[PDB]
>>> print(open('data12.csv').read())   # CSV, C-alpha atoms and all ligand atoms
chain,number,residue,atom,x,y,z
A,1,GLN,CA,103.7,-5.5,176.0
A,2,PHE,CA,100.8,-3.1,175.4
A,3,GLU,CA,98.7,-1.7,178.3
A,4,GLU,CA,95.0,-1.0,177.7
A,5,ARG,CA,95.2,2.1,179.9
A,6,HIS,CA,97.3,3.7,177.1
A,7,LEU,CA,95.4,2.4,174.1
A,8,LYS,CA,93.0,5.3,173.2
A,9,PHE,CA,90.1,4.8,170.8
A,10,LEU,CA,90.0,6.8,167.6
A,11,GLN,CA,87.4,5.0,165.3
A,12,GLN,CA,86.2,1.6,164.1
A,13,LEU,CA,87.6,0.3,160.9
A,14,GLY,CA,85.6,-2.8,160.5
A,15,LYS,CA,83.2,-5.1,162.3
A,16,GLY,CA,82.2,-8.6,161.1
A,17,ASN,CA,80.6,-11.6,162.8
A,18,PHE,CA,82.9,-12.6,165.7
A,19,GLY,CA,85.4,-9.7,165.8
A,20,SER,CA,86.0,-6.0,165.1
A,21,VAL,CA,89.0,-3.8,164.3
A,22,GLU,CA,89.6,-0.3,165.6
A,23,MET,CA,92.0,2.4,164.8
A,24,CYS,CA,93.8,3.5,168.0
A,25,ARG,CA,96.7,5.5,169.3
A,26,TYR,CA,99.1,3.9,171.7
A,27,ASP,CA,100.2,6.9,173.8
A,28,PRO,CA,101.8,5.6,177.0
A,29,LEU,CA,103.3,9.0,177.8
A,30,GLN,CA,99.9,10.8,177.4
A,31,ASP,CA,101.5,13.5,175.2
A,32,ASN,CA,100.3,12.6,171.6
A,33,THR,CA,103.6,11.2,170.4
A,34,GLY,CA,102.5,7.6,170.4
A,35,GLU,CA,101.9,5.7,167.2
A,36,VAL,CA,98.6,4.9,165.6
A,37,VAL,CA,97.9,1.1,165.5
A,38,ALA,CA,95.1,-1.3,164.5
A,39,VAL,CA,93.5,-3.4,167.3
A,40,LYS,CA,91.5,-6.5,166.7
A,41,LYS,CA,89.2,-7.8,169.5
A,42,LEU,CA,86.4,-10.4,169.8
A,43,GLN,CA,82.8,-9.2,170.4
A,44,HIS,CA,81.4,-12.5,171.7
A,45,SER,CA,84.3,-13.9,173.7
A,46,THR,CA,83.1,-17.4,174.1
A,47,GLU,CA,85.8,-20.0,175.0
A,48,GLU,CA,85.8,-21.7,171.6
A,49,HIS,CA,86.2,-18.3,169.8
A,50,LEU,CA,88.9,-17.3,172.4
A,51,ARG,CA,91.1,-20.4,171.7
A,52,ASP,CA,90.7,-19.9,168.0
A,53,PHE,CA,91.5,-16.2,168.4
A,54,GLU,CA,94.8,-17.2,170.2
A,55,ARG,CA,95.8,-19.7,167.5
A,56,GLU,CA,95.3,-16.8,165.1
A,57,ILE,CA,97.5,-14.5,167.2
A,58,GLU,CA,100.1,-17.2,167.2
A,59,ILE,CA,99.9,-17.7,163.4
A,60,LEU,CA,100.3,-14.0,162.8
A,61,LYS,CA,103.2,-13.8,165.1
A,62,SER,CA,105.0,-16.6,163.1
A,63,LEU,CA,104.8,-14.6,159.8
A,64,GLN,CA,107.1,-11.8,158.6
A,65,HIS,CA,106.7,-10.9,154.9
A,66,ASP,CA,106.5,-7.7,152.9
A,67,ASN,CA,103.0,-8.6,151.8
A,68,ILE,CA,101.6,-9.8,155.2
A,69,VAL,CA,100.3,-7.3,157.7
A,70,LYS,CA,102.7,-6.8,160.6
A,71,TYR,CA,102.0,-8.2,164.1
A,72,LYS,CA,102.9,-5.8,166.9
A,73,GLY,CA,101.8,-7.5,170.2
A,74,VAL,CA,98.9,-8.4,172.4
A,75,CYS,CA,97.2,-6.6,175.3
A,76,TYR,CA,95.1,-7.8,178.3
A,77,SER,CA,92.9,-6.1,180.8
A,78,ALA,CA,92.7,-7.4,184.4
A,79,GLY,CA,92.5,-11.2,183.9
A,80,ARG,CA,93.8,-13.1,180.9
A,81,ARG,CA,90.9,-12.5,178.6
A,82,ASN,CA,89.4,-9.4,177.0
A,83,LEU,CA,92.3,-10.2,174.8
A,84,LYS,CA,93.3,-7.8,172.0
A,85,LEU,CA,95.7,-8.2,169.0
A,86,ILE,CA,97.8,-5.2,168.1
A,87,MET,CA,98.9,-4.7,164.5
A,88,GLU,CA,100.4,-2.0,162.3
A,89,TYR,CA,97.8,0.4,160.8
A,90,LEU,CA,97.7,0.8,157.0
A,91,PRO,CA,96.4,4.2,155.9
A,92,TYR,CA,94.7,3.5,152.6
A,93,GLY,CA,92.3,0.8,153.8
A,94,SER,CA,90.9,-2.2,151.9
A,95,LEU,CA,92.1,-2.8,148.3
A,96,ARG,CA,88.4,-3.2,147.4
A,97,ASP,CA,87.6,0.4,148.3
A,98,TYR,CA,91.0,1.8,147.1
A,99,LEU,CA,90.5,0.3,143.7
A,100,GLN,CA,87.0,1.6,143.0
A,101,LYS,CA,88.0,5.1,144.2
A,102,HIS,CA,91.0,5.3,141.8
A,103,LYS,CA,89.7,3.2,139.0
A,104,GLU,CA,90.5,5.8,136.4
A,105,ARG,CA,94.1,6.2,137.6
A,106,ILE,CA,95.1,2.5,138.1
A,107,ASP,CA,95.8,0.6,134.8
A,108,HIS,CA,96.4,-3.1,134.1
A,109,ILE,CA,100.1,-3.0,134.8
A,110,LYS,CA,99.4,-1.6,138.3
A,111,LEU,CA,96.7,-4.4,138.8
A,112,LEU,CA,99.4,-7.0,137.9
A,113,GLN,CA,101.8,-5.5,140.4
A,114,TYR,CA,99.2,-6.0,143.2
A,115,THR,CA,98.4,-9.5,141.9
A,116,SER,CA,102.0,-10.7,142.0
A,117,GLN,CA,102.4,-9.3,145.5
A,118,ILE,CA,99.3,-11.2,146.7
A,119,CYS,CA,100.8,-14.3,145.1
A,120,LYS,CA,104.2,-14.0,146.9
A,121,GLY,CA,102.4,-13.5,150.2
A,122,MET,CA,100.1,-16.4,149.5
A,123,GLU,CA,103.1,-18.5,148.6
A,124,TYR,CA,104.8,-17.6,151.8
A,125,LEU,CA,101.6,-18.7,153.7
A,126,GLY,CA,101.8,-22.1,151.9
A,127,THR,CA,105.4,-22.8,152.8
A,128,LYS,CA,104.3,-22.7,156.5
A,129,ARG,CA,101.3,-25.0,155.7
A,130,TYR,CA,98.7,-22.4,156.5
A,131,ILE,CA,95.4,-22.2,154.6
A,132,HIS,CA,94.0,-18.7,154.4
A,133,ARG,CA,90.5,-19.9,153.4
A,134,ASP,CA,89.2,-16.3,153.3
A,135,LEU,CA,91.0,-14.4,150.5
A,136,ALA,CA,89.2,-11.5,148.8
A,137,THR,CA,89.8,-7.9,147.8
A,138,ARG,CA,87.9,-7.1,151.0
A,139,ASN,CA,90.7,-8.4,153.2
A,140,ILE,CA,93.7,-7.2,151.1
A,141,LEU,CA,95.1,-4.0,152.6
A,142,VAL,CA,97.0,-1.1,151.1
A,143,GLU,CA,100.1,0.3,152.7
A,144,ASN,CA,100.8,2.7,149.8
A,145,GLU,CA,100.4,3.0,146.0
A,146,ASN,CA,103.0,0.3,145.4
A,147,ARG,CA,102.4,-2.1,148.3
A,148,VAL,CA,99.5,-4.3,149.2
A,149,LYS,CA,99.3,-6.7,152.2
A,150,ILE,CA,97.2,-9.7,153.2
A,151,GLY,CA,95.3,-8.2,156.1
A,152,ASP,CA,93.3,-10.7,158.2
A,153,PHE,CA,93.8,-14.2,159.5
A,154,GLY,CA,90.5,-14.9,161.3
A,155,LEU,CA,89.9,-18.1,159.4
A,156,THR,CA,93.5,-19.2,158.7
A,157,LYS,CA,94.0,-22.8,159.8
A,158,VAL,CA,97.2,-24.9,159.9
A,159,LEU,CA,97.3,-28.1,157.9
A,160,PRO,CA,97.5,-31.4,159.8
A,161,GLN,CA,100.8,-33.1,159.8
A,162,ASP,CA,99.7,-36.1,157.7
A,163,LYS,CA,97.2,-34.7,155.2
A,164,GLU,CA,97.1,-31.9,152.6
A,165,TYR,CA,93.5,-30.7,153.3
A,166,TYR,CA,91.4,-29.6,156.2
A,167,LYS,CA,87.7,-30.3,156.8
A,168,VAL,CA,85.7,-27.6,158.6
A,169,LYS,CA,82.0,-26.9,158.5
A,170,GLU,CA,81.5,-23.7,160.2
A,171,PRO,CA,78.3,-22.5,162.1
A,172,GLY,CA,76.9,-19.5,160.2
A,173,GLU,CA,77.0,-18.3,156.6
A,174,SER,CA,80.2,-18.6,154.5
A,175,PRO,CA,81.3,-16.5,151.5
A,176,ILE,CA,80.3,-19.2,149.0
A,177,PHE,CA,81.0,-17.3,145.8
A,178,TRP,CA,84.7,-17.4,146.5
A,179,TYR,CA,84.8,-21.1,147.6
A,180,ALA,CA,86.2,-24.0,145.5
A,181,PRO,CA,83.7,-26.7,144.5
A,182,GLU,CA,85.2,-29.3,146.8
A,183,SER,CA,84.8,-26.8,149.7
A,184,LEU,CA,81.1,-26.4,149.0
A,185,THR,CA,80.4,-30.2,148.7
A,186,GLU,CA,82.9,-31.7,151.2
A,187,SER,CA,84.2,-28.7,153.2
A,188,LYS,CA,87.8,-29.5,152.2
A,189,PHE,CA,90.3,-26.6,152.2
A,190,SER,CA,93.7,-27.0,150.7
A,191,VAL,CA,96.3,-24.8,148.9
A,192,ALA,CA,94.4,-25.7,145.7
A,193,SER,CA,91.2,-24.3,147.1
A,194,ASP,CA,93.1,-21.0,148.0
A,195,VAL,CA,94.2,-20.9,144.3
A,196,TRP,CA,90.6,-21.2,143.2
A,197,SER,CA,89.8,-18.2,145.4
A,198,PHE,CA,92.9,-16.3,144.2
A,199,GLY,CA,91.3,-16.7,140.7
A,200,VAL,CA,88.2,-14.8,141.9
A,201,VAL,CA,90.4,-12.2,143.6
A,202,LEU,CA,92.0,-11.6,140.2
A,203,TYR,CA,88.5,-11.5,138.6
A,204,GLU,CA,87.5,-8.8,141.1
A,205,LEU,CA,90.6,-6.8,140.4
A,206,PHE,CA,89.8,-6.6,136.7
A,207,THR,CA,86.1,-5.8,137.2
A,208,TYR,CA,87.4,-2.7,139.1
A,209,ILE,CA,84.7,-3.6,141.7
A,210,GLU,CA,81.9,-2.5,139.4
A,211,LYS,CA,78.7,-3.1,141.3
A,212,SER,CA,76.9,-5.3,138.9
A,213,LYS,CA,80.1,-7.3,138.2
A,214,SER,CA,80.7,-8.6,141.8
A,215,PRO,CA,81.0,-12.4,141.9
A,216,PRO,CA,77.7,-12.8,143.8
A,217,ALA,CA,75.9,-10.6,141.3
A,218,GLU,CA,77.2,-12.4,138.3
A,219,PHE,CA,76.8,-15.9,139.9
A,220,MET,CA,73.2,-15.3,141.1
A,221,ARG,CA,72.2,-13.9,137.7
A,222,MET,CA,73.5,-17.2,136.2
A,223,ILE,CA,71.3,-19.4,138.6
A,224,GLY,CA,68.4,-17.0,138.8
A,225,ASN,CA,67.5,-14.6,141.7
A,226,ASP,CA,64.4,-16.6,142.6
A,227,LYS,CA,66.5,-19.4,144.3
A,228,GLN,CA,65.8,-19.9,148.0
A,229,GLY,CA,68.1,-20.1,150.9
A,230,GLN,CA,69.8,-23.5,151.0
A,231,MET,CA,68.9,-24.1,147.4
A,232,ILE,CA,71.2,-21.2,146.4
A,233,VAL,CA,74.2,-23.2,147.4
A,234,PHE,CA,72.9,-26.4,145.7
A,235,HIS,CA,72.3,-24.6,142.4
A,236,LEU,CA,75.8,-23.0,142.4
A,237,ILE,CA,77.3,-26.5,143.0
A,238,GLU,CA,75.5,-27.7,139.9
A,239,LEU,CA,76.6,-24.7,137.8
A,240,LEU,CA,80.3,-25.4,138.8
A,241,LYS,CA,79.9,-29.1,137.9
A,242,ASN,CA,78.9,-28.2,134.4
A,243,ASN,CA,81.8,-25.8,133.9
A,244,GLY,CA,79.8,-22.6,134.4
A,245,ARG,CA,82.2,-19.8,135.2
A,246,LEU,CA,82.4,-16.1,135.8
A,247,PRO,CA,82.6,-14.1,132.6
A,248,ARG,CA,85.7,-12.3,131.4
A,249,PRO,CA,85.8,-8.8,132.8
A,250,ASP,CA,85.4,-5.9,130.4
A,251,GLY,CA,88.8,-5.0,129.0
A,252,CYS,CA,90.5,-8.0,130.4
A,253,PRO,CA,93.2,-9.5,128.1
A,254,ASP,CA,92.7,-13.1,127.1
A,255,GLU,CA,95.9,-14.1,128.7
A,256,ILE,CA,94.8,-12.9,132.1
A,257,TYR,CA,91.4,-14.6,131.7
A,258,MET,CA,93.3,-17.8,130.9
A,259,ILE,CA,95.0,-17.5,134.3
A,260,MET,CA,91.6,-17.0,136.0
A,261,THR,CA,90.1,-20.0,134.3
A,262,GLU,CA,93.1,-22.2,135.0
A,263,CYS,CA,92.6,-21.6,138.7
A,264,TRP,CA,88.9,-22.5,138.4
A,265,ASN,CA,89.8,-26.0,137.3
A,266,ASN,CA,87.3,-28.6,138.6
A,267,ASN,CA,90.2,-31.1,139.0
A,268,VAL,CA,91.9,-30.0,142.2
A,269,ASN,CA,95.3,-31.4,141.2
A,270,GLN,CA,95.2,-29.5,137.9
A,271,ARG,CA,95.3,-26.0,139.3
A,272,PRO,CA,98.5,-24.0,139.1
A,273,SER,CA,100.8,-23.3,142.0
A,274,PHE,CA,101.3,-19.8,143.4
A,275,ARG,CA,104.9,-19.8,142.3
A,276,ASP,CA,103.8,-20.6,138.7
A,277,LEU,CA,101.2,-17.9,138.8
A,278,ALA,CA,103.7,-15.3,140.0
A,279,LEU,CA,106.0,-16.2,137.1
A,280,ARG,CA,103.1,-16.0,134.6
A,281,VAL,CA,101.9,-12.7,136.0
A,282,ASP,CA,105.5,-11.3,136.1
A,283,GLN,CA,106.0,-12.2,132.4
A,284,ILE,CA,102.7,-10.7,131.3
A,285,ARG,CA,103.7,-7.5,133.3
A,286,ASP,CA,107.2,-7.4,131.8
A,287,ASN,CA,105.9,-7.8,128.2
A,288,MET,CA,103.4,-4.9,128.8
A,289,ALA,CA,106.3,-2.7,130.0
B,301,LIG,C1,94.9,-4.8,160.5
B,301,LIG,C2,94.6,-3.5,159.8
B,301,LIG,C3,95.5,-2.5,159.6
B,301,LIG,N1,95.1,-1.4,158.9
B,301,LIG,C4,93.9,-1.3,158.5
B,301,LIG,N2,93.6,-0.1,157.7
B,301,LIG,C5,92.2,0.4,157.4
B,301,LIG,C6,92.1,1.8,157.2
B,301,LIG,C7,91.0,2.4,156.8
B,301,LIG,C8,89.8,1.6,156.6
B,301,LIG,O1,88.7,2.2,156.2
B,301,LIG,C9,87.4,1.6,156.4
B,301,LIG,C10,86.3,2.4,155.8
B,301,LIG,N3,85.9,3.3,156.6
B,301,LIG,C11,85.4,2.8,157.7
B,301,LIG,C12,85.5,4.1,158.7
B,301,LIG,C13,86.6,4.6,158.5
B,301,LIG,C14,86.8,4.4,156.9
B,301,LIG,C15,89.9,0.2,156.7
B,301,LIG,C16,91.1,-0.4,157.1
B,301,LIG,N4,93.0,-2.2,158.6
B,301,LIG,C17,93.3,-3.3,159.3
B,301,LIG,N5,92.4,-4.4,159.5
B,301,LIG,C18,91.1,-4.4,159.0
B,301,LIG,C19,90.3,-3.3,159.0
B,301,LIG,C20,89.0,-3.3,158.5
B,301,LIG,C21,88.5,-4.5,158.1
B,301,LIG,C22,89.3,-5.6,158.1
B,301,LIG,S1,88.6,-7.2,157.5
B,301,LIG,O2,87.4,-6.9,156.7
B,301,LIG,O3,89.5,-7.8,156.5
B,301,LIG,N6,88.3,-8.3,158.8
B,301,LIG,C23,87.4,-8.2,160.0
B,301,LIG,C24,87.7,-6.9,160.8
B,301,LIG,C25,85.9,-8.1,159.6
B,301,LIG,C26,87.6,-9.4,160.9
B,301,LIG,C27,90.6,-5.6,158.5
>>> encode(input="data12.csv", output="structure tokens")
Amino acid sequence: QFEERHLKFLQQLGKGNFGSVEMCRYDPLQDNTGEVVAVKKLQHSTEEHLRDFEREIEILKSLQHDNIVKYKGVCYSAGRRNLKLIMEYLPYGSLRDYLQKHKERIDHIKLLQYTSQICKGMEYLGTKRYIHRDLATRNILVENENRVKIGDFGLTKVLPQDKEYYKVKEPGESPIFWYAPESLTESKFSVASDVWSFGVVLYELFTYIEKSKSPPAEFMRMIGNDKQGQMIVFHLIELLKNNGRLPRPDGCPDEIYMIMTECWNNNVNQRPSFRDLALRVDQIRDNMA
């Protein structure tokens, strides 16, 4: 529905490996009444990346949830590539940056509100047999002080009809300090591996994104900063097989650290569901209030 003639560039919000996101104003009447949107595009539009980009557009079109960023449409230039995905724009940016800028005004009860919203959005993803694979405070976006949203679906894959996991080894470097053990060793991605990663999201939240308490900082202080390249991954695998874990964040109540550890269970069938986590986090929140 969108025409690239009338999309007008304001600034770049983010740029990763295969894609980038720009703030733009859709102003079809050329009079500065149009609305400001977010536009995602590929920056190396190979054909494999393009077909995966279109499955992502189709996945995001199939989702409507208060905690999922809103799809708006697509746009094409002359031809049926240079394809662009149009989404709503959220003014407060990533939850990672929002939280370390207001760390002295956001208490634990507010952290738990975000947490339960993330859970409800993740639970909605699971009902449609989507695996996010990429959850982190980096990709959680902020609509306003009371609402967060899951903000990017570049790696979201749909489960096969028969099986409850997905095997993918990607070319390039992966965020291996959020990945469940069975994802490091066998590249299996399930809703239980997303629960592992939600545990480290919750860890991040309670570290208030303090620089020396990032999961990579803490993990690679546990295995030694001397480790080399591929050996890095191997050493982390061994540390997770011996029940080495991230430490409890400073000030974190023991109840919330028990939720974190229960998601970091080595036994994949023994991790809690997102609906159970939402109920645990809603009761901790209701007792604090
Ligand atoms: C879909 C969408 C809607 N609204 C926003 N709002 C937003 C608003 C301000 C942001 O500030 C970024 C920090 N500075 C960068 C320059 C301006 C400010 C960042 C994001 N972002 C959105 N997506 C987005 C924006 C930046 C990064 C990401 S991502 O890290 O999760 N994924 C990739 C873009 C790398 C694929 C996703």
>>> residues_near_point(input="data12.csv", point="(98.0, -13.3, 141.4)", cutoff="9 Å", atoms="all atoms listed in the file", output="list in words")
residues 112, 113, 114, 115, 116, 117, 118, 119, 120, 122, 195, 198, 199, 201, 202, 259, 274, 277, 278, 280 and 281 of chain A
>>> closest_residue(input="data12.csv", among="A:106, A:233, A:150, A:131", to="ligand LIG 301 (chain B)", atoms="all atoms listed in the file")
A:150
>>> residues_around(input="data12.csv", residues="residue 23 (chain A)", least_positions_apart="2", cutoff="6 Å", atoms="all atoms listed in the file", output="ChimeraX atom specification")
/A:10-12,38
>>> write_last_selection(input="data12.csv", atoms="C-alpha atoms", output="PDB file, in the frame of the given file")
ATOM      1  CA  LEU A  10      90.000   6.800 167.600  1.00  0.00           C
ATOM      2  CA  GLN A  11      87.400   5.000 165.300  1.00  0.00           C
ATOM      3  CA  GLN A  12      86.200   1.600 164.100  1.00  0.00           C
ATOM      4  CA  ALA A  38      95.100  -1.300 164.500  1.00  0.00           C
TER       5      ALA A  38
END
>>> atom_distance(input="data12.csv", atom1="CA of residue 217 (chain A)", atom2="CA of residue 244 (chain A)")
14.4 Å
>>> closest_residue(input="data12.csv", among="A:241, A:231, A:54, A:284", to="residue 255 (chain A)", atoms="all atoms listed in the file")
A:284
>>> residues_near_point(input="data12.csv", point="(84.8, 0.3, 164.3)", cutoff="12 Å", atoms="all atoms listed in the file", output="list in words")
residues 9, 10, 11, 12, 13, 14, 15, 16, 19, 20, 21, 22, 23, 24, 38, 39, 40, 41 and 43 of chain A
>>> atom_distance(input="data12.csv", atom1="CA of residue 177 (chain A)", atom2="CA of residue 211 (chain A)")
15.1 Å
>>> closest_residue(input="data12.csv", among="A:27, A:35, A:66, A:226", to="residue 146 (chain A)", atoms="all atoms listed in the file")
A:66
>>> residues_around(input="data12.csv", residues="region 84-94 of chain A", least_positions_apart="4", cutoff="6 Å", atoms="only C-alpha atoms", output="list in words")
residues 37, 38, 39, 40, 41, 70, 71, 72, 73, 74, 75, 138, 140, 141, 142 and 143 of chain A
>>> write_last_selection(input="data12.csv", atoms="C-alpha atoms", output="PDB file, in the coordinates of the input")
ATOM      1  CA  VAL A  37      97.900   1.100 165.500  1.00  0.00           C
ATOM      2  CA  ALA A  38      95.100  -1.300 164.500  1.00  0.00           C
ATOM      3  CA  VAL A  39      93.500  -3.400 167.300  1.00  0.00           C
ATOM      4  CA  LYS A  40      91.500  -6.500 166.700  1.00  0.00           C
ATOM      5  CA  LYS A  41      89.200  -7.800 169.500  1.00  0.00           C
ATOM      6  CA  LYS A  70     102.700  -6.800 160.600  1.00  0.00           C
ATOM      7  CA  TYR A  71     102.000  -8.200 164.100  1.00  0.00           C
ATOM      8  CA  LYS A  72     102.900  -5.800 166.900  1.00  0.00           C
ATOM      9  CA  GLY A  73     101.800  -7.500 170.200  1.00  0.00           C
ATOM     10  CA  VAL A  74      98.900  -8.400 172.400  1.00  0.00           C
ATOM     11  CA  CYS A  75      97.200  -6.600 175.300  1.00  0.00           C
ATOM     12  CA  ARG A 138      87.900  -7.100 151.000  1.00  0.00           C
ATOM     13  CA  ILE A 140      93.700  -7.200 151.100  1.00  0.00           C
ATOM     14  CA  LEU A 141      95.100  -4.000 152.600  1.00  0.00           C
ATOM     15  CA  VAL A 142      97.000  -1.100 151.100  1.00  0.00           C
ATOM     16  CA  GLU A 143     100.100   0.300 152.700  1.00  0.00           C
TER      17      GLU A 143
END
>>> residues_around(input="data12.csv", residues="residue 212 (chain A)", least_positions_apart="6", cutoff="12 Å", atoms="only C-alpha atoms", output="list in words")
residues 204, 218, 219, 220, 221 and 249 of chain A
>>> write_last_selection(input="data12.csv", atoms="C-alpha atoms", output="PDB file, in the frame of the given file")
ATOM      1  CA  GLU A 204      87.500  -8.800 141.100  1.00  0.00           C
ATOM      2  CA  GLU A 218      77.200 -12.400 138.300  1.00  0.00           C
ATOM      3  CA  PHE A 219      76.800 -15.900 139.900  1.00  0.00           C
ATOM      4  CA  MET A 220      73.200 -15.300 141.100  1.00  0.00           C
ATOM      5  CA  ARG A 221      72.200 -13.900 137.700  1.00  0.00           C
ATOM      6  CA  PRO A 249      85.800  -8.800 132.800  1.00  0.00           C
TER       7      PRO A 249
END
>>> closest_residue(input="data12.csv", among="A:133, A:149, A:110, A:65", to="ligand LIG 301 (chain B)", atoms="all atoms listed in the file")
A:149
>>> build_atoms(input="data12.csv", residues="region 34-49 of chain A", atoms="N, CA, C and O atoms", output="PDB file, keeping the file's coordinate frame")
ATOM      1  N   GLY A  34     102.618   9.023 170.662  1.00  0.00           N
ATOM      2  CA  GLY A  34     102.500   7.600 170.400  1.00  0.00           C
ATOM      3  C   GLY A  34     102.055   7.345 168.940  1.00  0.00           C
ATOM      4  O   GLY A  34     101.534   8.210 168.233  1.00  0.00           O
ATOM      5  N   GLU A  35     102.208   6.088 168.537  1.00  0.00           N
ATOM      6  CA  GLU A  35     101.900   5.700 167.200  1.00  0.00           C
ATOM      7  C   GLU A  35     100.526   5.117 167.046  1.00  0.00           C
ATOM      8  O   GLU A  35      99.970   4.574 168.001  1.00  0.00           O
ATOM      9  N   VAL A  36      99.932   5.316 165.870  1.00  0.00           N
ATOM     10  CA  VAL A  36      98.600   4.900 165.600  1.00  0.00           C
ATOM     11  C   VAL A  36      98.602   3.411 165.106  1.00  0.00           C
ATOM     12  O   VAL A  36      99.267   3.087 164.118  1.00  0.00           O
ATOM     13  N   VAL A  37      97.831   2.540 165.768  1.00  0.00           N
ATOM     14  CA  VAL A  37      97.900   1.100 165.500  1.00  0.00           C
ATOM     15  C   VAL A  37      96.437   0.621 165.195  1.00  0.00           C
ATOM     16  O   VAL A  37      95.457   1.343 165.371  1.00  0.00           O
ATOM     17  N   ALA A  38      96.350  -0.610 164.699  1.00  0.00           N
ATOM     18  CA  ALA A  38      95.100  -1.300 164.500  1.00  0.00           C
ATOM     19  C   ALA A  38      94.941  -2.376 165.604  1.00  0.00           C
ATOM     20  O   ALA A  38      95.892  -3.106 165.902  1.00  0.00           O
ATOM     21  N   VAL A  39      93.745  -2.478 166.182  1.00  0.00           N
ATOM     22  CA  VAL A  39      93.500  -3.400 167.300  1.00  0.00           C
ATOM     23  C   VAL A  39      92.307  -4.257 166.939  1.00  0.00           C
ATOM     24  O   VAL A  39      91.234  -3.750 166.604  1.00  0.00           O
ATOM     25  N   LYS A  40      92.509  -5.570 166.989  1.00  0.00           N
ATOM     26  CA  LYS A  40      91.500  -6.500 166.700  1.00  0.00           C
ATOM     27  C   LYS A  40      91.019  -7.158 168.051  1.00  0.00           C
ATOM     28  O   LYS A  40      91.862  -7.561 168.865  1.00  0.00           O
ATOM     29  N   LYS A  41      89.707  -7.237 168.258  1.00  0.00           N
ATOM     30  CA  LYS A  41      89.200  -7.800 169.500  1.00  0.00           C
ATOM     31  C   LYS A  41      87.908  -8.634 169.112  1.00  0.00           C
ATOM     32  O   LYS A  41      87.252  -8.392 168.094  1.00  0.00           O
ATOM     33  N   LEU A  42      87.588  -9.597 169.973  1.00  0.00           N
ATOM     34  CA  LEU A  42      86.400 -10.400 169.800  1.00  0.00           C
ATOM     35  C   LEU A  42      85.188  -9.558 170.373  1.00  0.00           C
ATOM     36  O   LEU A  42      85.353  -8.706 171.250  1.00  0.00           O
ATOM     37  N   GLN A  43      84.000  -9.798 169.825  1.00  0.00           N
ATOM     38  CA  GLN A  43      82.800  -9.200 170.400  1.00  0.00           C
ATOM     39  C   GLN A  43      81.802 -10.143 170.963  1.00  0.00           C
ATOM     40  O   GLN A  43      80.738  -9.716 171.429  1.00  0.00           O
ATOM     41  N   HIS A  44      82.114 -11.446 170.961  1.00  0.00           N
ATOM     42  CA  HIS A  44      81.400 -12.500 171.700  1.00  0.00           C
ATOM     43  C   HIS A  44      82.420 -13.476 172.173  1.00  0.00           C
ATOM     44  O   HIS A  44      82.585 -14.551 171.590  1.00  0.00           O
ATOM     45  N   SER A  45      83.142 -13.114 173.235  1.00  0.00           N
ATOM     46  CA  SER A  45      84.300 -13.900 173.700  1.00  0.00           C
ATOM     47  C   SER A  45      83.849 -15.147 174.447  1.00  0.00           C
ATOM     48  O   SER A  45      84.007 -15.294 175.663  1.00  0.00           O
ATOM     49  N   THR A  46      83.258 -16.070 173.682  1.00  0.00           N
ATOM     50  CA  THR A  46      83.100 -17.400 174.100  1.00  0.00           C
ATOM     51  C   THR A  46      84.460 -18.113 174.271  1.00  0.00           C
ATOM     52  O   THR A  46      85.491 -17.538 173.913  1.00  0.00           O
ATOM     53  N   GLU A  47      84.484 -19.346 174.793  1.00  0.00           N
ATOM     54  CA  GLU A  47      85.800 -20.000 175.000  1.00  0.00           C
ATOM     55  C   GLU A  47      86.297 -20.672 173.705  1.00  0.00           C
ATOM     56  O   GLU A  47      87.513 -20.802 173.524  1.00  0.00           O
ATOM     57  N   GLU A  48      85.403 -21.155 172.841  1.00  0.00           N
ATOM     58  CA  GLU A  48      85.800 -21.700 171.600  1.00  0.00           C
ATOM     59  C   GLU A  48      86.362 -20.595 170.642  1.00  0.00           C
ATOM     60  O   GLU A  48      87.368 -20.780 169.946  1.00  0.00           O
ATOM     61  N   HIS A  49      85.678 -19.446 170.611  1.00  0.00           N
ATOM     62  CA  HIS A  49      86.200 -18.300 169.800  1.00  0.00           C
ATOM     63  C   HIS A  49      87.472 -17.760 170.402  1.00  0.00           C
ATOM     64  O   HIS A  49      88.315 -17.265 169.644  1.00  0.00           O
TER      65      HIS A  49
END
